[PDB]
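Contents: one structure, followed by commentary.
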Amino acid sequence: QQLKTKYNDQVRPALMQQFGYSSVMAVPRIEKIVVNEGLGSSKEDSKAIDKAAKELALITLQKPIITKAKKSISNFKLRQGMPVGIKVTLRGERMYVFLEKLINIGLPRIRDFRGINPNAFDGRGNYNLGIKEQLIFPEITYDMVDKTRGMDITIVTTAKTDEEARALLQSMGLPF
RNA sequence: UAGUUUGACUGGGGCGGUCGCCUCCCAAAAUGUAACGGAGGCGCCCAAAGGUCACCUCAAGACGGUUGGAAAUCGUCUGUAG
Ligand SMILES: [Mg+2]
Ligand SMILES: [Mg+2]
Ligand SMILES: [Mg+2]
């Protein structure tokens, strides 16, 4: 908790020194961290989908919500109004913890050349994150969770400039 | 054996089709207006698809992304409505 706030307060002068803003509020900040499970790659019965909501909830200390299918009957087993993937917003203390879970000791570090190769491009916030697999926890035991879905995790931050995206990882404990 | 019934429109009768209600064009910028003229629906539904109170905003595109990738799902930008 206090460590994430200290890294925020160390980043903000670091950005005012690499790029002076008139205001600390002009500095980039991190708004929310979202994690989107998408069990439409493995649509199931209530059993498996509630189990995946169960595992994200155990990871989060939050209740995940189900995103529900849009009107879009299609070739690909698509229907009308049915679940098609969990979603979890995080703001406040529940958010920063996860990032401090990920920057520091709670990182699985199961695989890492560097950080995921940069994707925001335009440099305003939206830093999308792909976890190809969830063999990345001590929360699971692999023989029982022999299924391994992936995860999407989008970082949302203010940033009116492209290069300023470099601030949200380099000084934020993320490899670049 | 007996008393009867056996529909109409119909560019002649028959055959085919049609017979009630709703929508559009025809319909000539009022209302109305024919055709066996051009198109298509209804003979139901909903214990909530009502009353009320309160709250949300939709398509679609592009950039980015986990088993998905032309289109699952999340994320930003545009977005009097497509
Ligand atoms: Mg006659
Ligand atoms: Mg008239
Ligand atoms: Mg007349």
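Simple scheme: letters A, B, ... for chains in structure tokens order, numbers from 1 for residues in each chain, numbers from 1 for ligands in the order shown.
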Using only C-alpha atoms (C1' of nucleotides) and all ligand atoms, find each residue in chain B having at least one atom no more than 12 Å away from ligand 3; report its shortest atom-to-atom pair and that distance in Å (one decimal), rows by chain then rising number, as CSV.
residue,atom,partner,partner_atom_place_in_ligand_line,distance
B:32,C1',ligand 3,1 (Mg),11.4
B:33,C1',ligand 3,1 (Mg),7.2
B:34,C1',ligand 3,1 (Mg),6.3
B:35,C1',ligand 3,1 (Mg),11.0
Emit the selected residues as a PDB file, in the first residue's frame, including N, CA and C atoms (P, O5', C5', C4', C3', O3' and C1' of nucleotides).
ATOM      1  P     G B  32     -57.072  10.448 -46.933  1.00  0.00           P
ATOM      2  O5'   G B  32     -58.206  10.067 -48.002  1.00  0.00           O
ATOM      3  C5'   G B  32     -59.537   9.721 -47.599  1.00  0.00           C
ATOM      4  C4'   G B  32     -60.579   9.928 -48.687  1.00  0.00           C
ATOM      5  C3'   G B  32     -60.376   9.143 -49.966  1.00  0.00           C
ATOM      6  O3'   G B  32     -60.937   7.858 -49.857  1.00  0.00           O
ATOM      7  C1'   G B  32     -60.811  11.397 -50.494  1.00  0.00           C
ATOM      8  P     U B  33     -60.011   6.578 -50.089  1.00  0.00           P
ATOM      9  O5'   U B  33     -60.001   6.372 -51.673  1.00  0.00           O
ATOM     10  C5'   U B  33     -61.213   6.122 -52.364  1.00  0.00           C
ATOM     11  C4'   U B  33     -61.183   6.613 -53.790  1.00  0.00           C
ATOM     12  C3'   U B  33     -60.181   5.948 -54.693  1.00  0.00           C
ATOM     13  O3'   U B  33     -60.690   4.732 -55.174  1.00  0.00           O
ATOM     14  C1'   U B  33     -60.138   8.286 -55.040  1.00  0.00           C
ATOM     15  P     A B  34     -60.488   3.355 -54.372  1.00  0.00           P
ATOM     16  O5'   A B  34     -60.925   2.275 -55.466  1.00  0.00           O
ATOM     17  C5'   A B  34     -62.004   2.547 -56.368  1.00  0.00           C
ATOM     18  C4'   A B  34     -61.750   1.993 -57.751  1.00  0.00           C
ATOM     19  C3'   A B  34     -60.851   0.771 -57.819  1.00  0.00           C
ATOM     20  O3'   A B  34     -61.616  -0.406 -57.624  1.00  0.00           O
ATOM     21  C1'   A B  34     -60.213   2.365 -59.466  1.00  0.00           C
ATOM     22  P     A B  35     -60.997  -1.745 -57.000  1.00  0.00           P
ATOM     23  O5'   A B  35     -60.225  -2.397 -58.217  1.00  0.00           O
ATOM     24  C5'   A B  35     -60.879  -2.604 -59.454  1.00  0.00           C
ATOM     25  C4'   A B  35     -59.864  -2.840 -60.538  1.00  0.00           C
ATOM     26  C3'   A B  35     -58.722  -3.760 -60.156  1.00  0.00           C
ATOM     27  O3'   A B  35     -59.092  -5.112 -60.325  1.00  0.00           O
ATOM     28  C1'   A B  35     -57.905  -1.855 -61.330  1.00  0.00           C
TER      29        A B  35
END
*Give the strand (DSSP E) residues of stretch 3-139 of chain A, as DSSP finds them on the backbone, and put them as a ChimeraX atom specification.*
/A:30-36,65-68,83-90,127-131
*Mind listing as a VMD selection string which residues of chain A are within 6 Å of chain B, counting only C-alpha atoms (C1' of nucleotides)?*
chain A and resid 36 38 40 85 119 126 128 130 to 132 149 to 152 154
Using N, CA, C and O atoms, can you write the selected residues to a file as a short mmCIF file (atom, residue, chain, number, x, y, z; two decimals), in the first residue's frame?
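Produced file result_17.cif, reproduced below:
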data_model
loop_
_atom_site.label_atom_id
_atom_site.label_comp_id
_atom_site.auth_asym_id
_atom_site.auth_seq_id
_atom_site.Cartn_x
_atom_site.Cartn_y
_atom_site.Cartn_z
N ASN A 36 -9.99 -8.47 -18.30
CA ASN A 36 -11.12 -9.02 -19.06
C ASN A 36 -10.87 -10.48 -19.41
O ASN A 36 -10.16 -10.79 -20.37
N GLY A 38 -12.37 -13.80 -21.08
CA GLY A 38 -13.21 -13.95 -22.25
C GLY A 38 -13.50 -15.40 -22.57
O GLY A 38 -13.13 -15.89 -23.65
N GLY A 40 -15.56 -16.87 -24.01
CA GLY A 40 -16.20 -17.27 -25.27
C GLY A 40 -15.31 -18.09 -26.18
O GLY A 40 -15.80 -18.67 -27.16
N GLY A 85 -17.82 -13.55 -21.30
CA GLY A 85 -16.53 -13.17 -20.75
C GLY A 85 -16.57 -12.23 -19.57
O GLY A 85 -17.23 -11.19 -19.60
N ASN A 119 2.83 -1.28 -27.25
CA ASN A 119 1.60 -1.36 -28.03
C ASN A 119 0.74 -0.10 -28.01
O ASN A 119 -0.10 0.05 -28.91
N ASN A 126 -4.03 4.07 -22.55
CA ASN A 126 -4.36 2.70 -22.94
C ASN A 126 -3.13 1.86 -23.25
O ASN A 126 -2.61 1.89 -24.37
N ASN A 128 -2.47 -1.83 -23.33
CA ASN A 128 -3.07 -3.15 -23.26
C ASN A 128 -2.02 -4.20 -22.91
O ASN A 128 -0.86 -4.10 -23.31
N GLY A 130 -1.34 -8.50 -22.50
CA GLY A 130 -1.76 -9.85 -22.78
C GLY A 130 -0.99 -10.85 -21.93
O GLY A 130 0.24 -10.84 -21.91
N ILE A 131 -1.74 -11.68 -21.22
CA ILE A 131 -1.20 -12.86 -20.54
C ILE A 131 -1.67 -14.06 -21.34
O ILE A 131 -2.86 -14.41 -21.31
N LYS A 132 -0.74 -14.69 -22.07
CA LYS A 132 -1.10 -15.82 -22.93
C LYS A 132 -1.67 -16.98 -22.11
O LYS A 132 -2.48 -17.76 -22.62
N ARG A 149 -6.88 -20.66 -19.62
CA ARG A 149 -7.31 -19.48 -20.36
C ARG A 149 -6.28 -18.37 -20.19
O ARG A 149 -5.47 -18.38 -19.25
N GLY A 150 -6.26 -17.43 -21.14
CA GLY A 150 -5.46 -16.23 -21.01
C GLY A 150 -6.22 -15.07 -20.37
O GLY A 150 -7.36 -15.20 -19.92
N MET A 151 -5.56 -13.91 -20.33
CA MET A 151 -6.17 -12.71 -19.74
C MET A 151 -5.72 -11.45 -20.47
O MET A 151 -4.59 -11.36 -20.95
N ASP A 152 -6.63 -10.48 -20.54
CA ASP A 152 -6.33 -9.14 -21.05
C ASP A 152 -6.41 -8.15 -19.89
O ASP A 152 -7.31 -8.25 -19.04
N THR A 154 -5.94 -3.97 -19.43
CA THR A 154 -5.70 -2.66 -20.02
C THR A 154 -5.42 -1.64 -18.93
O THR A 154 -6.21 -1.49 -17.99
#
*Pairwise distance for atom CA of residue A:8 and atom CA of residue A:112, rounded to one decimal in Å*: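 Pair atom CA of residue A:8 / atom CA of residue A:112 returns 24.1 Å.
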Could you list, with a cut-off of 9 Å and counting only C-alpha atoms (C1' of nucleotides) and all ligand atoms, the residues of chain B near ligand 2, each shown with its nearest atom pair and the distance in Å rounded to one decimal, rows sorted by chain and ascending number, as a Markdown table?
| residue | atom | partner | partner_atom_place_in_ligand_line | distance |
| --- | --- | --- | --- | --- |
| B:27 | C1' | ligand 2 | 1 (Mg) | 5.7 |
| B:28 | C1' | ligand 2 | 1 (Mg) | 8.9 |
| B:29 | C1' | ligand 2 | 1 (Mg) | 8.5 |
| B:30 | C1' | ligand 2 | 1 (Mg) | 7.1 |
| B:31 | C1' | ligand 2 | 1 (Mg) | 6.9 |
| B:32 | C1' | ligand 2 | 1 (Mg) | 7.0 |
| B:33 | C1' | ligand 2 | 1 (Mg) | 8.8 |
Write the residues you've just listed into a file as a PDB file, in the first residue's frame, and include C-alpha atoms (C1' of nucleotides) for each of them.
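Writing done, so here's out.pdb:
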ATOM      1  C1'   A B  27     -53.336   9.359 -55.131  1.00  0.00           C
ATOM      2  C1'   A B  28     -52.277  14.441 -59.613  1.00  0.00           C
ATOM      3  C1'   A B  29     -48.100  19.070 -52.303  1.00  0.00           C
ATOM      4  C1'   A B  30     -55.966  19.578 -48.453  1.00  0.00           C
ATOM      5  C1'   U B  31     -59.414  14.762 -46.927  1.00  0.00           C
ATOM      6  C1'   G B  32     -60.811  11.397 -50.494  1.00  0.00           C
ATOM      7  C1'   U B  33     -60.138   8.286 -55.040  1.00  0.00           C
TER       8        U B  33
END
*Name the residues in contact with residue A:29 at a cut-off of 10 Å, using only C-alpha atoms (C1' of nucleotides), excluding same-chain residues fewer than 6 positions from it; report them as a PyMOL selection string.*
chain A and resi 8+11-12+125+156-159+167-168
Dump of N, CA, C and O atoms for the selected residues, as a compact mmCIF listing (two decimals), in the first residue's frame:
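Saved to selection.txt:
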# COMPACT_ATOMS: atom_id res chain seq x y z
N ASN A 8 4.36 6.32 -6.80
CA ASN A 8 3.63 7.39 -7.49
C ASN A 8 4.29 8.74 -7.24
O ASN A 8 4.53 9.52 -8.17
N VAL A 11 7.51 8.97 -9.12
CA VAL A 11 7.34 9.14 -10.55
C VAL A 11 7.00 10.58 -10.89
O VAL A 11 7.55 11.15 -11.84
N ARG A 12 6.11 11.21 -10.12
CA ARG A 12 5.61 12.52 -10.54
C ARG A 12 6.72 13.56 -10.68
O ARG A 12 6.78 14.23 -11.73
N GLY A 125 -2.57 7.04 -22.52
CA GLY A 125 -2.78 5.92 -21.63
C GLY A 125 -2.82 4.52 -22.21
O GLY A 125 -1.77 3.89 -22.37
N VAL A 156 -5.24 2.23 -18.00
CA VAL A 156 -5.77 3.51 -18.47
C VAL A 156 -5.11 4.61 -17.65
O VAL A 156 -5.11 4.57 -16.41
N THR A 157 -4.50 5.56 -18.35
CA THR A 157 -3.73 6.65 -17.77
C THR A 157 -3.97 7.89 -18.61
O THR A 157 -4.17 7.80 -19.82
N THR A 158 -3.95 9.06 -17.98
CA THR A 158 -3.90 10.25 -18.81
C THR A 158 -2.52 10.39 -19.44
O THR A 158 -1.50 10.00 -18.86
N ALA A 159 -2.50 10.93 -20.66
CA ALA A 159 -1.28 11.22 -21.41
C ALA A 159 -1.66 11.93 -22.71
O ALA A 159 -2.21 11.30 -23.61
N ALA A 167 6.74 6.99 -19.52
CA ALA A 167 6.75 7.23 -18.09
C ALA A 167 5.99 6.16 -17.31
O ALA A 167 6.34 5.87 -16.17
N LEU A 168 4.96 5.56 -17.91
CA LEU A 168 4.06 4.77 -17.07
C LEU A 168 4.58 3.37 -16.79
O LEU A 168 3.87 2.58 -16.16
*asked:* Just want the residues within 9 Å of ligand 1, written as an MDAnalysis selection string, counting only C-alpha atoms (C1' of nucleotides) and all ligand atoms.
replied: chainID B and resid 7:10 13
*atom CA of residue A:94 to atom CA of residue A:47, distance in Å rounded to a single decimal*: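 According to the coordinates, atom CA of residue A:94 and atom CA of residue A:47 are separated by 26.9 Å.
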_Shortest interatomic distance to residue A:33 - which of A:95, A:169, A:103, A:120, counting only C-alpha atoms_ =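 Once distances to residue A:33 are computed over only C-alpha atoms, the minimum belongs to A:95.
Running DSSP on the backbone and keeping only alpha helix (DSSP H), the residues of stretch 39-132 of chain A that qualify are residues 46, 47, 48, 49, 50, 51, 52, 53, 54, 55, 56, 57, 58, 59, 60, 93, 94, 95, 96, 97, 98, 99, 100, 101, 102 and 103 of chain A.
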*Which of these, A:122, A:146, A:31, A:45, has the shortest distance to residue A:163 once you count only C-alpha atoms?*
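Selected residue with least distance to residue A:163: A:122.
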*Might you pull out every residue within 12 Å of residue A:172, with only C-alpha atoms (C1' of nucleotides) counted and same-chain residues fewer than 4 positions away left off, and present them as a list in words?*
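Result of the neighbour search: residues 3, 4, 5, 6, 7, 8, 9, 10, 11, 12, 14, 15, 28, 29, 30, 96, 99, 100, 102, 103, 104, 115, 165, 166, 167, 168 and 176 of chain A.
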Save the residues we just selected, N, CA and C atoms, as a PDB file, in the first residue's frame?
ATOM      1  N   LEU A   3       3.953   1.602  -0.339  1.00  0.00           N
ATOM      2  CA  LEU A   3       5.009   1.539  -1.348  1.00  0.00           C
ATOM      3  C   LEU A   3       4.510   1.974  -2.726  1.00  0.00           C
ATOM      4  N   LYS A   4       3.273   1.616  -3.081  1.00  0.00           N
ATOM      5  CA  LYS A   4       2.740   2.058  -4.365  1.00  0.00           C
ATOM      6  C   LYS A   4       2.578   3.574  -4.398  1.00  0.00           C
ATOM      7  N   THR A   5       2.154   4.164  -3.279  1.00  0.00           N
ATOM      8  CA  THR A   5       2.006   5.611  -3.218  1.00  0.00           C
ATOM      9  C   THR A   5       3.360   6.300  -3.264  1.00  0.00           C
ATOM     10  N   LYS A   6       4.376   5.691  -2.644  1.00  0.00           N
ATOM     11  CA  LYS A   6       5.723   6.248  -2.723  1.00  0.00           C
ATOM     12  C   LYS A   6       6.253   6.196  -4.147  1.00  0.00           C
ATOM     13  N   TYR A   7       5.963   5.117  -4.877  1.00  0.00           N
ATOM     14  CA  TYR A   7       6.404   5.074  -6.267  1.00  0.00           C
ATOM     15  C   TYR A   7       5.628   6.061  -7.128  1.00  0.00           C
ATOM     16  N   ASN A   8       4.361   6.325  -6.798  1.00  0.00           N
ATOM     17  CA  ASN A   8       3.633   7.389  -7.488  1.00  0.00           C
ATOM     18  C   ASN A   8       4.293   8.745  -7.237  1.00  0.00           C
ATOM     19  N   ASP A   9       4.625   9.027  -5.972  1.00  0.00           N
ATOM     20  CA  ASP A   9       5.220  10.317  -5.638  1.00  0.00           C
ATOM     21  C   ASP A   9       6.645  10.439  -6.159  1.00  0.00           C
ATOM     22  N   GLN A  10       7.335   9.321  -6.383  1.00  0.00           N
ATOM     23  CA  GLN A  10       8.655   9.406  -6.995  1.00  0.00           C
ATOM     24  C   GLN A  10       8.558   9.536  -8.509  1.00  0.00           C
ATOM     25  N   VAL A  11       7.512   8.975  -9.116  1.00  0.00           N
ATOM     26  CA  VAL A  11       7.343   9.137 -10.552  1.00  0.00           C
ATOM     27  C   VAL A  11       7.002  10.580 -10.890  1.00  0.00           C
ATOM     28  N   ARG A  12       6.106  11.207 -10.116  1.00  0.00           N
ATOM     29  CA  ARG A  12       5.611  12.518 -10.539  1.00  0.00           C
ATOM     30  C   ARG A  12       6.721  13.561 -10.677  1.00  0.00           C
ATOM     31  N   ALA A  14       9.790  12.725 -11.220  1.00  0.00           N
ATOM     32  CA  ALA A  14      10.616  12.183 -12.298  1.00  0.00           C
ATOM     33  C   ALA A  14      10.086  12.634 -13.651  1.00  0.00           C
ATOM     34  N   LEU A  15       8.764  12.752 -13.769  1.00  0.00           N
ATOM     35  CA  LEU A  15       8.172  13.221 -15.018  1.00  0.00           C
ATOM     36  C   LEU A  15       8.245  14.731 -15.141  1.00  0.00           C
ATOM     37  N   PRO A  28       1.162  12.555 -15.874  1.00  0.00           N
ATOM     38  CA  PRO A  28       0.364  11.343 -16.035  1.00  0.00           C
ATOM     39  C   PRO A  28       0.108  10.680 -14.692  1.00  0.00           C
ATOM     40  N   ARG A  29      -1.082  10.110 -14.573  1.00  0.00           N
ATOM     41  CA  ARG A  29      -1.512   9.307 -13.439  1.00  0.00           C
ATOM     42  C   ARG A  29      -2.088   8.023 -14.003  1.00  0.00           C
ATOM     43  N   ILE A  30      -2.385   7.061 -13.137  1.00  0.00           N
ATOM     44  CA  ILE A  30      -3.018   5.821 -13.563  1.00  0.00           C
ATOM     45  C   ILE A  30      -4.437   5.799 -12.992  1.00  0.00           C
ATOM     46  N   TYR A  96      -4.067  -0.412  -7.152  1.00  0.00           N
ATOM     47  CA  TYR A  96      -2.632  -0.240  -6.967  1.00  0.00           C
ATOM     48  C   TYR A  96      -2.006  -1.493  -6.380  1.00  0.00           C
ATOM     49  N   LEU A  99      -1.101  -3.751  -9.114  1.00  0.00           N
ATOM     50  CA  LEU A  99       0.105  -3.322  -9.797  1.00  0.00           C
ATOM     51  C   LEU A  99       1.331  -3.543  -8.919  1.00  0.00           C
ATOM     52  N   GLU A 100       1.219  -3.272  -7.604  1.00  0.00           N
ATOM     53  CA  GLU A 100       2.307  -3.623  -6.696  1.00  0.00           C
ATOM     54  C   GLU A 100       2.407  -5.127  -6.509  1.00  0.00           C
ATOM     55  N   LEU A 102       2.107  -6.901  -9.175  1.00  0.00           N
ATOM     56  CA  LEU A 102       2.755  -7.254 -10.434  1.00  0.00           C
ATOM     57  C   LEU A 102       4.140  -6.648 -10.620  1.00  0.00           C
ATOM     58  N   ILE A 103       4.358  -5.392 -10.213  1.00  0.00           N
ATOM     59  CA  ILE A 103       5.706  -4.846 -10.343  1.00  0.00           C
ATOM     60  C   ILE A 103       6.703  -5.613  -9.473  1.00  0.00           C
ATOM     61  N   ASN A 104       6.313  -6.035  -8.262  1.00  0.00           N
ATOM     62  CA  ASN A 104       7.265  -6.534  -7.266  1.00  0.00           C
ATOM     63  C   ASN A 104       7.091  -8.026  -7.046  1.00  0.00           C
ATOM     64  N   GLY A 115       9.657  -6.438 -20.957  1.00  0.00           N
ATOM     65  CA  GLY A 115       8.235  -6.199 -20.899  1.00  0.00           C
ATOM     66  C   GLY A 115       7.585  -6.541 -22.219  1.00  0.00           C
ATOM     67  N   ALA A 165       4.019   8.035 -22.681  1.00  0.00           N
ATOM     68  CA  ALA A 165       3.719   6.658 -22.301  1.00  0.00           C
ATOM     69  C   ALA A 165       4.935   5.968 -21.703  1.00  0.00           C
ATOM     70  N   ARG A 166       6.141   6.363 -22.118  1.00  0.00           N
ATOM     71  CA  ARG A 166       7.335   5.756 -21.540  1.00  0.00           C
ATOM     72  C   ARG A 166       7.359   5.929 -20.029  1.00  0.00           C
ATOM     73  N   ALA A 167       6.741   6.994 -19.524  1.00  0.00           N
ATOM     74  CA  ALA A 167       6.749   7.232 -18.085  1.00  0.00           C
ATOM     75  C   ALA A 167       5.988   6.163 -17.311  1.00  0.00           C
ATOM     76  N   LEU A 168       4.962   5.556 -17.906  1.00  0.00           N
ATOM     77  CA  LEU A 168       4.062   4.767 -17.072  1.00  0.00           C
ATOM     78  C   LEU A 168       4.579   3.367 -16.794  1.00  0.00           C
ATOM     79  N   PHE A 176      11.124  -2.049 -19.973  1.00  0.00           N
ATOM     80  CA  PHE A 176      10.927  -1.397 -21.262  1.00  0.00           C
ATOM     81  C   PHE A 176      12.132  -1.682 -22.149  1.00  0.00           C
TER      82      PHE A 176
END
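Of note, atom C1' of residue B:69 and atom CA of residue A:76 are spaced 12.1 Å apart.
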